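**Q** Below is a structure I'd like to ask you about.
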Amino acid sequence: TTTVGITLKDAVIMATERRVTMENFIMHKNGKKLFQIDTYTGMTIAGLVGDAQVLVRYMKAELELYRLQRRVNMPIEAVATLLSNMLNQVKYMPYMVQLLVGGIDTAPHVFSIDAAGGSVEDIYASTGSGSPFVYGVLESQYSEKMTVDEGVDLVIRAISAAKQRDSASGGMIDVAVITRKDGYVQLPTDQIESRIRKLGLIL
Amino acid sequence: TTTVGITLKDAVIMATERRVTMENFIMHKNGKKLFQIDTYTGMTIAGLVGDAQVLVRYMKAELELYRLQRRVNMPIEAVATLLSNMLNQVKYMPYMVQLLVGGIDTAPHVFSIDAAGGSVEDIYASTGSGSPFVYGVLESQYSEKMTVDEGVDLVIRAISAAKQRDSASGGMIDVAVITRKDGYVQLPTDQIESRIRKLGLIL
Amino acid sequence: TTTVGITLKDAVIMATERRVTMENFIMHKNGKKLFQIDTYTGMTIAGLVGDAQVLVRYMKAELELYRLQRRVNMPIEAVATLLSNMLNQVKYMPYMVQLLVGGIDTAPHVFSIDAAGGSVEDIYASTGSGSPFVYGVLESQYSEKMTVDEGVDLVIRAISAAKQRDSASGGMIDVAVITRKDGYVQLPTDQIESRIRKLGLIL
Amino acid sequence: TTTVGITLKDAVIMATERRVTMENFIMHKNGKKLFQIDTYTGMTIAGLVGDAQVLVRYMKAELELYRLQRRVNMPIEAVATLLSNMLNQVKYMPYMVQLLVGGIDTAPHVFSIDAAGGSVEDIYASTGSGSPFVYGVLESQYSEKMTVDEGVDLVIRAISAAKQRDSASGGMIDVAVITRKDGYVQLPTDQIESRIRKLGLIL
Amino acid sequence: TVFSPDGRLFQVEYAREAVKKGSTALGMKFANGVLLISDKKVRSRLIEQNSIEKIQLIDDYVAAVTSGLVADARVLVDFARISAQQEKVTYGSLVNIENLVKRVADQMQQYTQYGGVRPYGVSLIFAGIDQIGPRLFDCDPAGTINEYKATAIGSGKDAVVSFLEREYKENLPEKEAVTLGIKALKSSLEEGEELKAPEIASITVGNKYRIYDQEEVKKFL
Amino acid sequence: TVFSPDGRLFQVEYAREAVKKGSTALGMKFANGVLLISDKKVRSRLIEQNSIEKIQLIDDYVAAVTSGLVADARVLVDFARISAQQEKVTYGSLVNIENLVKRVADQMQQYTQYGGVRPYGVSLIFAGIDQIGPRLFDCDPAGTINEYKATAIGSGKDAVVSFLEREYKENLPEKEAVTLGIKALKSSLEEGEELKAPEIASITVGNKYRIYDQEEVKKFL
Amino acid sequence: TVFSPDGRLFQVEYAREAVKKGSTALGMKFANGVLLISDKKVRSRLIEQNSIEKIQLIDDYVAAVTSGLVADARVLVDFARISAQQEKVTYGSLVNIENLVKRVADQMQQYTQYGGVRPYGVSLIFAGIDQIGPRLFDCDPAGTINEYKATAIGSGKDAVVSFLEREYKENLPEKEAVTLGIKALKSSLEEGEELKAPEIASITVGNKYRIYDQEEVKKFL
Amino acid sequence: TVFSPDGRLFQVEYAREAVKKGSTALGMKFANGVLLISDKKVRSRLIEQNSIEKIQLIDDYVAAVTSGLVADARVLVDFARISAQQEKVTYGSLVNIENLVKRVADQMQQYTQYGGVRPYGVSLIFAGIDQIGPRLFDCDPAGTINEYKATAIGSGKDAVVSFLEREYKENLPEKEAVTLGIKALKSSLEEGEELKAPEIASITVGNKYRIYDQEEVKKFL
Amino acid sequence: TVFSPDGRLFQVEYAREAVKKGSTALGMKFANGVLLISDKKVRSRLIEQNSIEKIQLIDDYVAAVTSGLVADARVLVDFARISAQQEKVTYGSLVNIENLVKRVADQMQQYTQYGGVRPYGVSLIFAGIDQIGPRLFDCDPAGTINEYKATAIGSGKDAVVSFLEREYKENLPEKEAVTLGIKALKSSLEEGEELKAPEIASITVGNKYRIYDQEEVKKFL
């Protein structure tokens with residue numbers, strides 16, 4: 001599992017693997033770990049699969065019911081605060097996940113949430129087992145003055161650099177770009193694998 | 001235990017062993033591990049026997065009550081989502097099973113569900129203890145442009161190739177083919193053992 | 001403990017030991033482990049004594065109340081399904097038994113039920129600690145074209161062949177033959193020990 | 001602790017030690033372990049003292065309330081079945097006892113009940129820590145054609161033969177004879193010690 | 001359910017007025033047995049006569065007939081069955097029928113004590129053999145139990161209690177006392193009606209119930 | 001159950017009106033014992049006279065007679081039996097009968113306090129020996145306990161309390177005081193009726209109850 | 001819900017008055033099958049006639065029609081579905097339909113016992129095949145169950161019970177008995193109205209239900 | 001809530017009298033869509049007209065209009081939203097709108113069964129597309145559900161049901177059927193009043209709701 | 001709380017009659033703000049005028065005035081404070097005031113649904129700024145919410161709603177609209193009384209509340 005969130009000027013780029021394993025054994029070469037929980041808000045799950053999917057269904061329900069009752073989308077800090085209260089009211093029968101919540105309310109935000117409900121905002125975050133390789137790329141190549149094109153190419157370089165030194169990460173890569181103008185746009189398969197083929201990488 | 005699900009163009013082929021053991025000891029040479037839970041939907045159980053049969057009775061009840069209340073069959077992703085919620089509301093007194101749900105709503109689907117409710121869709125899946133041998137056959141011989149005849153012959157080759165390298169798998173083989181035209185059709189005994197005798201295998 | 005169930009053409013033969021021990025120590029040389037739970041249905045208990053007797057009292061009550069409320073006897077698959085639900089609703093404070101349910105509804109049935117409620121039908125079954133010796137006799141001598149006389153002589157050969165290689169099995173042997181014509185008929189003591197004396201065995 | 005029950009033709013003889021210890025240490029040289037729970041029914045306790053006395057108070061209450069509500073004494077198999085249900089509804093916080101219930105309803109009965117509620121009827125039974133020495137005497141000297149005098153002399157020989165090879169058994173011996181004519185008659189001290197002095201034993 | 005100024009419970013006597021509209025039913029002790037008879041008034045061709053049940057068994061050794069509101073009757077028959085099976089699980093055998101009747105009549109009493117419930121509008125007869133012998137009981141909507149030798153419930157109660165007051169020699173055989181009981185059930189009617197086939201059940205010590213088929217019923221008729 | 005403007009509880013006096021329809025029953029202390037007598041009014045040939053029970057035991061040392069609604073009487077006799085066995089389990093022996101009577105009468109009081117329930121329409125007499133001696137008690141539908149030497153309950157109460165007010169020398173033997181009590185029970189009736197066999201039970205310190213069979217009853221009659 | 005001074009439950013007969021305003025529905029046994037017919041009174045162009053459901057299935061082998069208050073009818077149909085699936089989970093197969101009808105009618109009885117609830121104003125017909133065979137039942141707002149051969153519920157009940165009392169030869173084939181039933185449903189009406197297309201469902205032993213489409217309905221009409 | 005002697009529930013018809021004071025609202029099926037219109041009677045300058053909500057969404061594919069007591073309407077709209085999200089959490093998608101309407105109407109039925117609560121004085125219309133298609137429903141204070149093609153609720157109900165009974169060709173496009181519906185809403189009024197801007201919402205299969213702004217509303221007006 | 005035969009809830013209109021005895025209070029939107037004014041009728045020298053509170057804060061961005069029974073007003077102000085802090089703990093910030101008003105008015109609705117409670121005799125005004133902007137709400141004892149631009153509650157309601165119906169240009173500055181509101185509060189009175197110092201609170205987007213001291217109040221007076 002390898003999950004990345006990048007905060008640019010007016011965009012959030014969130015990208016993920018697609019591999020589900022069982023301790024050496026690639027059970028599913030094609031998973032789904034990048035979800036759209038609201039119009040301008042995306043969640044990226046990591047950790048245990050079964051708890052993470054149930055958290056996705058709860059957060060889609062609570063965010064949509066919030067949007068109907070109040071006619072405005074939930075602010076991202078309230079999404080991460082809500083999810084921190086949900087994860088922390090249990091804490092001793094816990095959900096074995098770690099989560100990224102990224103979105104746009106007035107400025108772009110990326111919140112990283114652990115299994116006991118500690119939400120911390122940061123300009124870039126990464127969860128999963130191949131997170132330190134992503135942190136290795138993003139320490140030396142991330143600049144907050146990039147465009148969205150260099151952002152997407154950066155996250156493809158980071159996840160493709162974590163696919164080769166982590167055995168629990170692999171498969172096709174899911175990139176989703178969140179702007180105010182179009183919102184949550186998940187990039188198509190052929191565009192991403194054209195970027196992988198164009199940067200000189202292995203899919 | 002060895003359970004296979006195969007997604008073809010407009011068919012789902014699900015096949016199973018018929019052997020129930022107790023840690024070296026073949027208690028029953030003739031079990032039943034392939035069930036029809038709905039008109040176009042079949043479930044294949046693996047793991048502990050007693051939990052799996054109770055999950056079969058719950059899913060037959062809930063799917064049939066859904067069909068009576070709504071006059072349409074349940075979509076397969078809602079079957080796997082329902083069963084994921086059932087397995088994951090417990091999670092700490094868990095059901096020690098792993099399950100396959102395969103069916104047809106508009107396109108064929110095969111969902112694989114573990115003991116904590118993580119449902120993942122894949123084009124072919126296999127559970128049980130002789131699952132890696134099935135994965136060995138299905139990596140090298142599965143093509144998604146096969147017909148139903150080559151599909152059934154493939155699953156017989158995979159399970160017959162897992163009966164010989166796994167001691168917890170054996171007995172007669174149960175194949176069930178799910179199409180839109182006829183639905184859930186379980187193939188007869190003499191047709192399957194004619195295919196085993198015709199491919200040059202041991203029953 | 002050594003318990004046998006045999007499905008013939010139109011008969012079920014169920015036979016048992018009569019010895020209750022405590023880890024080397026023959027506490028009671030004369031127990032009762034073969035019960036008639038319904039008019040055409042017999043149960044044979046194995047495992048812990050105290051849980052098994054309470055299951056016998058529950059099943060006599062539930063089957064008789066079913067018969068009064070519905071004026072027909074319960075089908076055998078519903079007896080084993082009911083008892084599987086009773087054993088499996090606990091599962092973590094479990095009943096440490098293993099049970100045989102044999103009877104006649106339209107065709108003869110023998111269901112074997114373990115301590116977590118996994119009911120499997122088979123043409124012959126055997127529970128207890130001297131079950132593998134019974135399985136040794138019934139692999140080499142059981143033919144489904146036998147009469148009831150050769151069936152009773154077979155089960156006496158199997159249990160008498162498990163009394164000599166198991167120290168937790170012994171005593172007089174209880175045979176009960178279930179047909180549609182007379183029903184549950186437990187064979188008398190002098191007939192069975194005349195068969196033991198006539199086959200050349202030790203009581 | 002050493003407790004004996006003997007079923008003769010029309011009598012039940014139940015006899016006991018009178019010593020209460022604490023792991024080497026004779027805390028009380030004079031206990032009471034033989035109780036009359038009903039007009040024709042006696043109970044003999046063994047195991048933990050505190051649980052056994054509470055079971056005695058419950059069984060005196062339930063048997064006497066049964067006798068008032070129904071004007072007939074409870075049958076002995078219903079006493080042992082009732083006490084089996086009482087001991088087995090707990091089973092995991094159990095009473096650490098083992099019990100003998102002996103009495104007369106139409107024929108004499110002796111039921112032996114363990115700590116999980118497994119009641120087994122036998123023609124003679126013995127509980128306690130010096131039970132195997134009693135079983136040694138009663139294998140070689142018990143004949144079911146004895147009178148009550150030879151029965152009482154037998155049980156005095158068995159318990160006096162278990163007082164000398166068990167350190168947790170000793171003291172005066174309590175014999176109680178249950179017949180239909182007089183009922184529960186506990187033999188006096190001077191008669192029993194006259195039998196001990198007359199058979200050539202040590203008190 | 002409160003007291004009247006002369007010490008009566010009005011809902012209980014109104015419940016007995018609901019009992020007086022039911023079918024006539026008899027219970028009678030044989031020399032070594034008991035007997036239950038019920039007036040099976042067939043009302044149309046369109047009702048399954050083979051599946052209507054008047055004498056319905058609590059147990060193979062205990063049967064019971066009812067009168068009054070048939071829904072409350074079905075509820076108390078189901079409660080009597082469940083209570084009988086609780087006594088078989090707890091003790092091992094149903095030694096006494098009187099305590100089954102007391103466990104029914106303690107609930108029937110319980111609804112005449114508490115406010116928020118109405119009394120049962122049924123009266124029952126419990127017949128069958130046990131460890132004391134062939135026993136016959138009657139239960140009244142206040143929860144009142146009496147042990148009889150021959151009783152009747154329903155609309156034609158007093159004609160049958162009067163007839164069996166004149167009649168009923170004590171230790172009769174089976175067939176003669178069934179003839180006596182069906183003569184009582186003829187004596188309850190008018191001459192504008194005739195008995196269509198009643199429903200008869202009998203038990204003798206050592207055996208289970210023998211619910212009569214229509215050959216023996218029309219033959220005794 | 002609320003107060004009347006002159007400070008009375010109407011449901012309790014209506015319950016006492018329900019008590020005044022019951023059977024006449026006596027309790028009487030012997031020199032070293034006590035005694036319970038009950039008027040067994042046989043009403044038909046068809047009722048089992050051998051199984052009807054007026055004096056029914058709470059314990060081998062405690063009996064009780066009842067009057068009023070017989071269903072509430074059966075309920076409070078069962079409650080008295082269960083409470084007696086709770087005191088035997090807790091302490092070891094039934095030392096005092098007065099506290100058994102107080103545990104019955106606290107429930108009978110409890111239903112005259114709360115709304116949603118009606119009072120019990122029964123009055124009871126508790127007789128028997130204990131560690132203080134031969135003791136006799138009476139319990140009233142408000143839950144009112146009095147300890148007597150000779151009392152009566154039922155329809156013919158005042159004739160027997162009047163007769164035993166004139167009569168009843170204190171320390172009598174058994175047979176003479178049974179003769180006195182059955183003369184009281186004759187004095188309660190009319191001349192249009194005669195005593196059919198009453199039911200008599202007696203206890204002496206050191207022994208259990210001796211419920212009289214019909215030879216001693218007809219012999220005393 | 002309390003008793004009237006002549007022993008009636010007024011809320012139950014008022015509930016039956018609420019039943020007498022419902023639609024007319026028939027149930028009829030075939031030679032080897034059963035049958036349910038319901039009067040589909042189309043009231044406007046603006047209602048979806050294709051989605052209104054009169055015969056609605058409890059199970060593939062058990063259907064039921066209703067009459068009375070349609071909301072209470074929907075509640076009891078949902079309760080019958082959940083109870084049927086509980087019997088399939090517990091035992092494995094739905095052996096007896098009579099106990100499904102008893103589990104519905106025990107709740108319908110239960111609301112005529114307790115205060116704080118009103119009775120259901122519905123009457124139902126349960127039809128379908130099981131291990132005994134083709135079976136037909138009727139349930140009444142007091143919780144009263146009767147097993148029939150041909151019955152009707154609703155406003156036009158007595159015209160159809162009268163017509164099927166004259167008519168209804170017993171072992172008919174499917175098409176002839178559907179013609180008989182739709183002639184009964186014509187006989188219930190007036191001449192100021194004509195039958196718009198009824199709704200018809202049938203089952204034969206071995207098969208599931210076959211709810212008729214409008215070609216067979218207008219063809220039989 | 002008890003039965004009247006002719007089988008009616010008085011609190012339910014009084015609740016319908018509370019419904020007949022609400023605002024007029026329409027629902028109408030398009031060729032490939034549905035439609036909700038509500039009469040927005042602006043009462044003063046001092047009320048925020050931009051924030052008053054008549055058509056309020058249960059879901060992006062399910063909307064509902066209300067009539068009656070507006071507080072009970074807000075409560076049942078919140079219950080419909082929570083029930084819709086429970087079906088999305090449990091199953092994954094809202095396949096059927098009819099079962100959302102049944103989960104609302106089972107609660108609305110539930111308060112006409114139990115004592116201690118009064119019925120809801122609201123009537124609702126549920127419109128929206130699902131896996132079967134464009135669907136329209138109406139819910140009545142007894143909990144009565146009907147599936148329509150064009151219906152109306154409120155004070156001016158019968159004028160609009162009469163007008164759409166004459167009018168309403170079935171498969172209309174969007175703009176023509178909005179013109180038809182606003183002509184119905186003009187036909188409900190008097191000539192002493194004129195339509196201030198109604199509130200209109202529409203959905204077509206494949207899309208979410210499009211709540212019309214005042215340009216399209218005044219343009220259609 | 002049940003329905004009247006013309007569909008009204010009598011306890012709710014009687015609660016509104018309890019509201020019509022309260023103090024007159026105003027709410028008014030500024031160009032970029034809101035405003036609350038309350039009539040502080042000083043009744044004696046002996047009451048602490050410095051500690052009486054009419055405008056009392058739910059939050060630094062949300063205030064509310066009340067009218068009616070002052071005890072129920074204090075209870076609902078405490079409930080509004082606790083609900084506001086629950087929304088701050090759960091989400092992080094109070095985004096919407098409308099849902100605070102809905103959580104108050106769902107309880108105020110809840111007591112007009114259930115029997116055993118009486119409705120609240122209060123009407124409230126909720127004013128304050130949030131993520132949508134300066135917002136003003138009014139809550140009615142049935143739990144009825146309306147969003148206004150300028151409203152009044154209490155005894156002098158209709159004089160102030162009439163005056164602000166004539167007056168109230170929309171986007172006014174602070175001081176001019178406070179002068180307008182205190183002219184409305186003068187217009188509600190008689191000439192036999194004069195305004196003693198009212199209580200005034202105001203908020204502008206970006207700031208917290210500024211409760212006016214008596215210098216600005218007497219200066220505006």
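In the structure tokens, chains take letters A, B, ... by order of appearance, with residues numbered from 1 within each chain and ligands from 1 in the order shown.
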Could you list, as a list in words, the residues of chain F having an atom within 8 Å of chain E when counting only C-alpha atoms?
**A** residues 11, 14, 15, 16, 17, 18, 19, 44, 45, 46, 47, 48, 51, 52, 70, 71, 72, 75, 116, 117 and 118 of chain F
**Q** Residues of the last selection are to be written out with N, CA and C atoms, as a compact mmCIF listing (two decimals), in the first residue's frame.
**A**
```txt
# COMPACT_ATOMS: atom_id res chain seq x y z
N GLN F 11 -61.65 0.07 47.65
CA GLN F 11 -61.33 -1.22 47.05
C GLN F 11 -60.98 -2.26 48.10
N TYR F 14 -64.39 -3.38 49.50
CA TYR F 14 -65.04 -4.20 48.49
C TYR F 14 -64.35 -5.56 48.39
N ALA F 15 -63.04 -5.58 48.63
CA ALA F 15 -62.33 -6.85 48.73
C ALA F 15 -62.79 -7.65 49.94
N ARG F 16 -63.12 -6.98 51.04
CA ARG F 16 -63.64 -7.70 52.20
C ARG F 16 -65.05 -8.23 51.93
N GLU F 17 -65.81 -7.51 51.11
CA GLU F 17 -67.09 -8.05 50.65
C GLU F 17 -66.88 -9.27 49.77
N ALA F 18 -65.76 -9.33 49.05
CA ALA F 18 -65.45 -10.54 48.29
C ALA F 18 -64.98 -11.66 49.21
N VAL F 19 -64.49 -11.31 50.40
CA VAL F 19 -64.08 -12.33 51.37
C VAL F 19 -65.30 -12.94 52.03
N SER F 44 -71.43 -31.70 44.35
CA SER F 44 -72.00 -32.68 43.44
C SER F 44 -71.30 -34.01 43.65
N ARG F 45 -71.88 -35.05 43.06
CA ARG F 45 -71.24 -36.35 42.94
C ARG F 45 -70.07 -36.32 41.97
N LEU F 46 -70.07 -35.38 41.04
CA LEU F 46 -69.14 -35.36 39.92
C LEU F 46 -67.79 -34.74 40.25
N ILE F 47 -67.60 -34.19 41.44
CA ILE F 47 -66.33 -33.60 41.82
C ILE F 47 -65.57 -34.61 42.67
N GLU F 48 -64.28 -34.76 42.40
CA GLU F 48 -63.39 -35.60 43.21
C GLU F 48 -63.29 -34.99 44.60
N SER F 51 -59.57 -35.18 46.31
CA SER F 51 -58.46 -34.35 45.85
C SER F 51 -58.70 -32.86 46.06
N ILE F 52 -59.87 -32.46 46.55
CA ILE F 52 -60.08 -31.06 46.92
C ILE F 52 -59.33 -30.79 48.22
N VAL F 70 -60.77 -17.95 45.04
CA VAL F 70 -59.91 -19.12 45.24
C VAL F 70 -58.66 -19.04 44.38
N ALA F 71 -58.70 -18.24 43.32
CA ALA F 71 -57.53 -18.10 42.46
C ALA F 71 -56.46 -17.25 43.14
N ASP F 72 -56.87 -16.14 43.76
CA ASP F 72 -55.94 -15.32 44.53
C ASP F 72 -55.43 -16.08 45.75
N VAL F 75 -52.67 -18.29 44.53
CA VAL F 75 -51.48 -17.48 44.27
C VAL F 75 -50.75 -17.14 45.57
N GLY F 116 -52.95 0.47 39.36
CA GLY F 116 -52.72 -0.48 38.29
C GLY F 116 -52.95 -1.91 38.70
N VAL F 117 -53.11 -2.16 40.00
CA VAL F 117 -53.42 -3.47 40.53
C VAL F 117 -54.63 -3.35 41.45
N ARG F 118 -55.35 -4.44 41.61
CA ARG F 118 -56.46 -4.48 42.56
C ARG F 118 -56.01 -5.28 43.77
```
**Q** May I have the residues within 10 Å of residue 41 (chain C) as an mmCIF file with N, CA and C atoms, in the first residue's frame, using only C-alpha atoms and disregarding those fewer than 4 positions away in the same chain?
**A**
```cif
data_model
loop_
_atom_site.group_PDB
_atom_site.id
_atom_site.type_symbol
_atom_site.label_atom_id
_atom_site.label_comp_id
_atom_site.auth_asym_id
_atom_site.auth_seq_id
_atom_site.Cartn_x
_atom_site.Cartn_y
_atom_site.Cartn_z
ATOM 1 N N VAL C 12 -31.741 -47.349 8.847
ATOM 2 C CA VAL C 12 -30.605 -46.674 9.458
ATOM 3 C C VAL C 12 -30.210 -47.488 10.671
ATOM 4 N N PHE C 35 -29.988 -42.531 21.826
ATOM 5 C CA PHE C 35 -31.273 -42.010 22.251
ATOM 6 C C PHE C 35 -32.239 -41.951 21.083
ATOM 7 N N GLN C 36 -33.518 -42.095 21.390
ATOM 8 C CA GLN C 36 -34.587 -41.917 20.423
ATOM 9 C C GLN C 36 -35.189 -40.540 20.621
ATOM 10 N N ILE C 37 -34.873 -39.610 19.736
ATOM 11 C CA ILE C 37 -35.395 -38.263 19.861
ATOM 12 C C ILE C 37 -36.713 -38.068 19.132
ATOM 13 N N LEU C 63 -38.449 -31.494 19.135
ATOM 14 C CA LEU C 63 -39.026 -32.357 18.113
ATOM 15 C C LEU C 63 -40.448 -32.754 18.460
ATOM 16 N N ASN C 73 -43.847 -35.407 11.450
ATOM 17 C CA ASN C 73 -42.523 -35.460 12.040
ATOM 18 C C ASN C 73 -41.587 -34.506 11.315
ATOM 19 N N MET C 74 -40.559 -34.061 12.016
ATOM 20 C CA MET C 74 -39.621 -33.122 11.428
ATOM 21 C C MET C 74 -38.735 -33.844 10.429
ATOM 22 N N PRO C 75 -38.431 -33.262 9.262
ATOM 23 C CA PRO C 75 -37.477 -33.898 8.347
ATOM 24 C C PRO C 75 -36.090 -33.927 8.953
ATOM 25 N N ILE C 76 -35.240 -34.876 8.557
ATOM 26 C CA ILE C 76 -33.989 -35.093 9.278
ATOM 27 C C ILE C 76 -33.019 -33.948 9.022
ATOM 28 N N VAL C 79 -33.776 -31.393 11.430
ATOM 29 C CA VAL C 79 -33.275 -31.732 12.761
ATOM 30 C C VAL C 79 -31.813 -31.340 12.876
ATOM 31 N N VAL C 101 -27.165 -37.735 13.933
ATOM 32 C CA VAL C 101 -28.615 -37.708 13.829
ATOM 33 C C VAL C 101 -28.984 -38.577 12.644
ATOM 34 N N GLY C 102 -29.715 -39.640 12.876
ATOM 35 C CA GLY C 102 -30.072 -40.555 11.807
ATOM 36 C C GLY C 102 -31.551 -40.846 11.821
ATOM 37 N N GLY C 103 -32.137 -40.916 10.638
ATOM 38 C CA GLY C 103 -33.570 -41.122 10.608
ATOM 39 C C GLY C 103 -34.076 -41.341 9.207
ATOM 40 N N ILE C 104 -35.401 -41.333 9.091
ATOM 41 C CA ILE C 104 -36.106 -41.605 7.846
ATOM 42 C C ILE C 104 -37.229 -40.596 7.691
ATOM 43 N N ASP C 105 -37.210 -39.838 6.593
ATOM 44 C CA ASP C 105 -38.335 -38.984 6.256
ATOM 45 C C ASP C 105 -38.944 -39.499 4.964
ATOM 46 N N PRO C 108 -33.527 -42.761 3.859
ATOM 47 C CA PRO C 108 -32.727 -42.731 5.086
ATOM 48 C C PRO C 108 -31.608 -41.706 5.062
ATOM 49 N N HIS C 109 -31.352 -41.056 6.193
ATOM 50 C CA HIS C 109 -30.331 -40.030 6.298
ATOM 51 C C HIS C 109 -29.492 -40.246 7.544
ATOM 52 N N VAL C 110 -28.198 -39.952 7.433
ATOM 53 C CA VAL C 110 -27.302 -39.859 8.581
ATOM 54 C C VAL C 110 -26.514 -38.566 8.466
ATOM 55 N N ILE C 178 -33.653 -48.465 12.460
ATOM 56 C CA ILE C 178 -34.750 -47.558 12.166
ATOM 57 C C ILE C 178 -35.260 -47.881 10.776
ATOM 58 N N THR C 179 -36.498 -48.356 10.688
ATOM 59 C CA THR C 179 -37.157 -48.594 9.417
ATOM 60 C C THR C 179 -38.468 -47.830 9.382
ATOM 61 N N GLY C 183 -40.158 -48.626 12.630
ATOM 62 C CA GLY C 183 -39.639 -47.399 13.172
ATOM 63 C C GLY C 183 -38.337 -47.608 13.909
ATOM 64 N N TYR C 184 -38.233 -46.944 15.051
ATOM 65 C CA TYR C 184 -37.049 -47.050 15.895
ATOM 66 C C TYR C 184 -37.219 -48.305 16.731
#
```
**Q** Taking only C-alpha atoms into account, which residues of chain G are within 7 Å of chain C, as a PDB file with N, CA, C and O atoms, in the first residue's frame?
**A**
```
ATOM      1  N   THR G  90     -34.225 -20.930  10.637  1.00  0.00           N
ATOM      2  CA  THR G  90     -34.142 -21.818  11.792  1.00  0.00           C
ATOM      3  C   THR G  90     -34.171 -23.285  11.382  1.00  0.00           C
ATOM      4  O   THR G  90     -33.307 -24.066  11.786  1.00  0.00           O
ATOM      5  N   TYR G  91     -35.133 -23.673  10.556  1.00  0.00           N
ATOM      6  CA  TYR G  91     -35.355 -25.073  10.223  1.00  0.00           C
ATOM      7  C   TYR G  91     -34.751 -25.484   8.893  1.00  0.00           C
ATOM      8  O   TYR G  91     -34.193 -26.572   8.788  1.00  0.00           O
ATOM      9  N   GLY G  92     -34.843 -24.656   7.867  1.00  0.00           N
ATOM     10  CA  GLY G  92     -34.269 -25.028   6.592  1.00  0.00           C
ATOM     11  C   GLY G  92     -35.270 -24.951   5.464  1.00  0.00           C
ATOM     12  O   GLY G  92     -34.906 -24.668   4.321  1.00  0.00           O
ATOM     13  N   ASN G  96     -44.765 -25.993   6.963  1.00  0.00           N
ATOM     14  CA  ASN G  96     -46.179 -25.825   7.268  1.00  0.00           C
ATOM     15  C   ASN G  96     -46.540 -24.353   7.149  1.00  0.00           C
ATOM     16  O   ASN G  96     -45.846 -23.496   7.697  1.00  0.00           O
TER      17      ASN G  96
END
```
**Q** Can you tell me, as a PyMOL selection string, which residues in region 28-192 of chain G count as alpha helix (DSSP H) by DSSP?
**A** chain G and resi 70-90+98-110+158-166+174-187
**Q** With distances taken over only C-alpha atoms, which residue among A:189, A:143, A:39, A:21 lies nearest chain B?
**A**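 Among A:189, A:143, A:39, A:21, it is A:21 that comes nearest to chain B.
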**Q** Please check the contacts: residues of chain A at most 10 Å away from chain B, using only C-alpha atoms, listed as JSON, numbers by chain.
**A** {"A": [20, 25, 27, 28, 29, 30, 31, 32, 48, 49, 50, 51, 52, 53, 54, 57, 93]}
**Q** Extract the full set of strand (DSSP E or B) residues from region 8-143 of chain C according to DSSP on the backbone, and format it as a ChimeraX atom specification.
**A** /C:12-16,20-22,25-28,34-38,41-47,97-104,108-113,119-121,124-128
**Q** Can you pull out the residues contacting residue 209 (chain E)? Cut-off 9 Å, using only C-alpha atoms, and skip same-chain residues under 2 positions away; I want them as a list in words.
**A** residues 57, 60, 61, 62, 63, 128, 201, 202, 203, 204, 207 and 211 of chain E
